[PDB]
Amino acid sequence: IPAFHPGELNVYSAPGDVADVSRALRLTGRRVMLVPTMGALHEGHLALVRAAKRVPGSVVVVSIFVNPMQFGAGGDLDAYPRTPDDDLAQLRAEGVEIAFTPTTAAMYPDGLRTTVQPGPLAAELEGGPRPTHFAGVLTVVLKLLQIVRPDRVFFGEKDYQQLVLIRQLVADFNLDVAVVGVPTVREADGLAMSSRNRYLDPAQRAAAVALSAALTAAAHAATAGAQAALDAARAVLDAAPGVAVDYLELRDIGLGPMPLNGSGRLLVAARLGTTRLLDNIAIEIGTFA
Amino acid sequence: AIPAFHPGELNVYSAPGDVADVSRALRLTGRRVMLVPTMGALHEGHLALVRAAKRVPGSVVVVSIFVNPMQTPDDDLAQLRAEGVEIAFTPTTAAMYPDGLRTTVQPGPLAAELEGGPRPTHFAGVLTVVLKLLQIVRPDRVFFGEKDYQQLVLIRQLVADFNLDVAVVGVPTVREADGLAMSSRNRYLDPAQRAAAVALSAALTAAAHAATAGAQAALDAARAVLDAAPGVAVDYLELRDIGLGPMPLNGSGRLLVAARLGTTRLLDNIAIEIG
Ligand SMILES: O=C(O)c1ccc2nsnc2c1
Ligand SMILES: O=C(O)c1ccc2nsnc2c1
């Protein structure tokens, strides 16, 4: 065990260090909560930390790691926002006791060798033109769960397809961890919080409200059935200046090889300039809404 | 409430949640959980894995028996009983794959080589079920035979690459009196094939002793012995480093062979020390 100073923020970069501290904590009965992040932390992340914190006897581990394997070549990786000074200040403000900030060399000492192969859901939606993306995400989340061995792991619903694939990973590999999905945190106008919102100029920021407006409109229209819901969202997106829709799809909650029944998820992805935004919402169809 | 566990008797569990609960409860009581994965049809080679697991102080031995569709019950169970194994884990296919084949493990490029030649997806299946069994049973140590050497290397890659907290223990191949590596396939060999099959081990041990004269003398001694046998179709005979990369100029390596006798595919491998 490296030093662990309770009541303050302990930062570990070595996987063996956080693994040893985590195990020692669990053996003294603390329940270890993991919040995996890519840093550039905002209130949507602090909502995950806060949910983890309110679990009785919890110690919270927040990982910060910009995982190269979920990024495609073509500039995305070098462009991802890195603000580590701010990130650690926020965690200290929140009373988090452990930040895990591994190096690429420590995570990938053998490059890409054994990896996770997701099911067919990973080839759709965000995965369509980024066919290796979710293999990257599931591989890193598997390693983070094995290093930290948390009791529960916390993800935002904003990246809903990712949350679903993570539940698949946990079920399919019999992982002994509870996956907690936490509702999206939104700006006062409805804009889903995201580290990539910083890339919208004032006009794009004004226009971006159309995603959440479209989704909320669709959720209320849905008393009138699926067609109405989808046509309401499309009309709102169509009225928004310079919002370029990539997909808008209504699916079952598990996103899967089941037809939509009464409860669904409506998902949108759109480009504003170069910035791609995602959002989604729970939908109840007809009698159900 | 934890399922029933009776110390000193064979406790059989078919439900993954049950063996998980019992393994967790036992480890908290000061036992060290040892896992021996098998596909049943047990022979002396499997009992040597059991015996290695049993000698760890505080051990409780978990033997899984599961025919992995992706890669006699009573008799197997009696053998485990006679060895004093306290837990057998006998899941159905449905209990292991309740959502079918969905998230799986993709091995590194080693899985494309050697055995991965005729069976390109074989090792994805083995690594997937191995990862699952490790997560269900969460053993301190997991035991595999050296006879499936490439499999063992790939397991060790799985464990390192996914940061798994288990010790992988490789146990030397158990052999018949004439050196033939034990395998349930040996029983299909007719008398002429069984007599010729001894060339695999004879070639390898000849090479291991010829290796004081260097790598080419070792390979040439092994080929000469295989060349002296009738009806032995050699699929490969390769000298690699101990992690199955390229053999270095000297130092430790491993020599692997595979051959077909009739319809039966046999494999064998041995440590080699170059010069
Ligand atoms: O930073 C996040 O929003 C985030 C969201 C999902 C993640 N999966 S692994 N690391 C992740 C980080
Ligand atoms: O029965 C065996 O010889 C055997 C050998 C290796 C295995 N990896 S998973 N299940 C396995 C079973």
Side-chain angles (χ1 to χ4, degrees), chain A residues 14-16 18-20 22-23 26-27 29 63 69 100 102 106-123 132 134-149 151 164-177 254-258, chain B residues 15-21 23-24 27-28 30 64 66 70 89 91 95-112 121 123-138 140 153-166 243-245:
Chain A
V18 83
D20 286 352
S22 178
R23 169 177 44 251
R26 192 179 320 112
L27 278 178
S63 68
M69 177 195 175
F100 175 34
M107 295 296 277
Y108 292 110
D110 291 279
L112 296 177
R113 187 170 64 182
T114 310
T115 57
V116 184
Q117 177 94 99
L121 170 59
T132 69
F134 285 114
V137 170
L138 292 200
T139 298
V140 79
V141 166
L142 181 63
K143 292 169 54 76
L144 290 172
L145 289 169
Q146 300 304 139
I147 288 166
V148 174
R149 313 271 260 286
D151 287 283
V164 174
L165 286 163
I166 293 167
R167 297 189 188 284
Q168 289 181 6
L169 174 74
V170 168
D172 291 352
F173 293 169
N174 303 91
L175 314 176
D176 189 2
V177 58
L255 301 180
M258 8 254 157
Chain B
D18 274 11
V19 74
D21 284 349
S23 170
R24 167 144 99 269
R27 179 143 210 302
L28 288 181
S64 50
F66 172 63
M70 198 191 159
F89 167 49
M96 290 298 278
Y97 294 101
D99 293 286
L101 270 192
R102 194 170 55 182
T103 313
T104 58
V105 174
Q106 164 104 305
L110 177 67
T121 63
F123 292 120
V126 176
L127 293 202
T128 304
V129 80
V130 166
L131 177 58
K132 290 165 68 65
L133 290 174
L134 292 176
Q135 302 295 326
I136 286 156
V137 173
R138 258 151 282 124
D140 300 284
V153 171
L154 281 165
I155 294 298
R156 287 198 202 275
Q157 296 186 354
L158 171 77
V159 165
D161 294 347
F162 289 168
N163 305 99
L164 307 178
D165 180 25
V166 62
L244 301 181

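Just so you know, these numbers use all the heavy atoms, side chains as well, and skip hydrogens, waters and symmetry mates. Chain identifiers are assigned alphabetically (A, B, ...) following the order of the sequence lines, protein sequences preceding nucleic acid strands; residue numbering begins at 1 within each chain.
- Of the listed residues (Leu142(A), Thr139(A), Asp110(A)), the one with the most heavy-atom contacts under 4.5 Å to chain B is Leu142(A).
- Taking 4.5 Å as the limit, every side-chain heavy atom of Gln106(B) sits out of range of all side-chain heavy atoms of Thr114(A).
- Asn163(B) CG to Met107(A) CE: the interatomic distance, rounded to the nearest 0.5 Å, is 6.5 Å.
- Contacts of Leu138(A) with chain B are made by side-chain atoms alone, with heavy-atom separations under 4.5 Å and no backbone atom involved.
- Taking 4.5 Å as the limit, every side-chain heavy atom of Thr115(A) sits out of range of all side-chain heavy atoms of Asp161(B).
- Between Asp165(B) and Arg23(A) there is a salt bridge, since a side-chain N of the basic residue sits under 4.0 Å from a carboxylate O of the acidic one.
- Two residues are said to be in side-chain contact when any heavy atoms from C-beta on lie closer than 4.5 Å; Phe173(A) and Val105(B) meet this criterion.
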